[PDB]
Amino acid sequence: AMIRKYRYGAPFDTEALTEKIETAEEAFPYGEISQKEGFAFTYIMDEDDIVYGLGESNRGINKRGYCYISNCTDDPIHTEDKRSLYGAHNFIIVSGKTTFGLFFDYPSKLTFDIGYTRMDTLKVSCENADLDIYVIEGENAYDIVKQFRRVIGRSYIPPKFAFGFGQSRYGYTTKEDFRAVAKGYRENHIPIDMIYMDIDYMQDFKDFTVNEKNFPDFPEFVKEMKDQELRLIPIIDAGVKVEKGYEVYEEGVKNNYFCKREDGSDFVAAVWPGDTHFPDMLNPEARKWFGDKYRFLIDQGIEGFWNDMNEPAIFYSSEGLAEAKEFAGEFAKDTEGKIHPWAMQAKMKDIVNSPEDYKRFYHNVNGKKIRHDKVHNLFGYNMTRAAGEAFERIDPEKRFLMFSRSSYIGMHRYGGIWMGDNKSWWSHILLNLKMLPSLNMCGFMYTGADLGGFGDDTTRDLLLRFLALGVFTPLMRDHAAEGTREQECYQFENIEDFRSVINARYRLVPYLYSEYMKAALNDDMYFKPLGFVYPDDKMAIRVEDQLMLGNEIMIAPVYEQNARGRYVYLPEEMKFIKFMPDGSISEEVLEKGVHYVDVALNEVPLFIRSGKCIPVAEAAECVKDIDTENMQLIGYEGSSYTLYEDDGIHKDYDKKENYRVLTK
């Protein structure tokens, strides 16, 4: 009713939406649509108009003033200029005097020119007038989003343990590597529930093996780790290594489960294991075959997975590789200097994630051959769907921890997202923050960034400020790239400081989980821009470095080096809370308005809204040990918090026992 679906050409069915919406028949309600060059929507914006959405895209909460292209790209350098990151989330809302939401249900490259060309002009275009546009209406932007959240289906719900802290590093390889990490944390009493395993745990980077030489009995090691409440979260890449004898490879080939070239042969793309093949994620059968392979690890005790390189990322195809070796040929023999080293360098770079490669292989969809570039942004989506759907067969009642890098809307039902290869820059603390709400609008609630920065060298302080933001993000893990400064918490001085920050995560767990469960089950938001909560405050709607969490709190982390505080705007009176390093909790009332607050490196800050309160537990070293019984209530006297909780393992969501009102 307050949602209509306008249809152009013959759209590919993305299965993005779970709710049926009939094809409206009147005139498109806003702006203009054109077909002189492919397809274009053009809209003129009110000078005060704010644009939200685009989920995991570059820049800030208000998208006005730059260009975003949905075109899932493996790009390790997230600088302000980049137009396409990992995600393809074609949902925007124009909010102002004239407010409306738009979802562009489209598989391929979609360019959102949001004021970049002309300031007052919003122009969303793509090569093909074959798509569905969904127009949503409501009073405010929050209401437009909650409607969207309805029609795309309930977001993924992770197991309770995933609301713990997780340690990860590209490099962990042996039982020793892993033990010294468990050692490092448990011996210094720093809580943690997860350690991630990156590609070095496989045999020759073969999907669905383990290095038999390093884990002669992987299952027992898993049980040894799990005994200390450490759950090993293995990675899975998109490419299956080409290698005779390799079971997963032989099957893929024999049953035509792989993407093929225009000639029927299996397309080769090179990744970690060298030459690989990509499972045909768009083909229902291949998807059940791929998903089922997760049993290999589940049967061994594994309760979580992360999907990577699933744009899919291509270092080089056999086609590109020959072009390059060949060019290098003329370079090597160049006497006249007709071939500059810059160009040789340019070719090496162009064979990576080549657009030419993305038209070299095809998907087989219920018998229809479709070229990959045409459906490019669905690949990661469906790889994560394969896992999810396979999960539900293996054990319909159990929750598995699951996240992916690349995604498209609809994938939000089967798994969360991590924000990819960030760097150890202070600006990336803010980027982590700004992306949260957008992702929530698009259904992705279980998200977080690599704390302390994936790439490059971190410092003791960058890490602590990153963690302090992580405290509030459902996914909280410290991750680091190959050969960077070691950034485990125990790899610094005065380690107790890190204990302090993590401790705060582990006291806030029952609240954060609660607020998560309530949001997901209600097709609602976990993180909200201040604009959603105080739509009348023309000051609040412009704030981009503070977020509302649930209905009880606001967060505002420090993201500047050497700072000892930061400016905040409070659209209402709140109590200002800091989790102190001695184990106590500072509390101060602060009137609405502007304020500079003092927040030391080893203190964690949050605000509690007027007439509200939240439960806080004692610090425990793992999710299982948190005493949920006698929690302290912080906030406003006479207020009440409805606390959700369940076994945090199965999907028994609708019990009256799951709710329990607390009054301060």
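Heads up: residue numbers just count along the shown sequence, starting at 1.
Undergrad: May I ask whether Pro76 is missing from the deposited models in at least a third of the other compared entries?
TA: Across the compared entries, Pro76 is modelled every time.
Undergrad: Is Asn422 unbuilt in at least a third of the other PDB entries compared?
TA: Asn422: unmodelled in at least a third of the other compared entries.
Undergrad: Please compare 425-433 with 132-140 and name the stretch with the higher mean C-alpha B-factor in the deposited structure.
TA: In the deposited entry, the stretch with the higher C-alpha B-factor mean is 132-140.
Undergrad: On average, which has the higher Cα B-factor in the deposited entry, 53-61 or 36-44?
TA: Result: 36-44.
Undergrad: Looking at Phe104, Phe215, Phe454, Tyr513, which has the highest CA B-factor as recorded?
TA: If I rank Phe104, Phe215, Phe454, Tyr513 by C-alpha B-factor, first place goes to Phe215.
Undergrad: Would you mind checking which of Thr79, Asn440, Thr473, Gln228 has the top Cα temperature factor in the PDB entry?
TA: That would be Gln228.
Undergrad: Of the three thirds of its chain by CA temperature factor, lowest, middle or highest, which one includes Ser108?
TA: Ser108: CA B-factor falls in the middle third of its chain.
Undergrad: Sort the modelled residues of this chain by their C-alpha B factor and say whether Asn255 lands in the lowest, middle or highest third.
TA: For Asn255, whose C-alpha B-factor we compare with every modelled residue in the chain, the answer is the middle third.
Undergrad: Looking at the temperature factor on the CA atom of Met548, which third of the chain's modelled residues does it land in?
TA: Middle third - that is where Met548 ends up once the chain's C-alpha B-factors are sorted.
Undergrad: Among the modelled residues of this chain, does the Cα B factor of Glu311 put it in the lowest, middle or highest third?
TA: CA B-factor rank for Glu311: lowest third.
Undergrad: Please place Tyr66 in the lowest, middle or highest third of its chain by C-alpha B factor as given in the entry.
TA: Within its chain, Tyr66 is a lowest-third residue by C-alpha B-factor, going by the deposited values.
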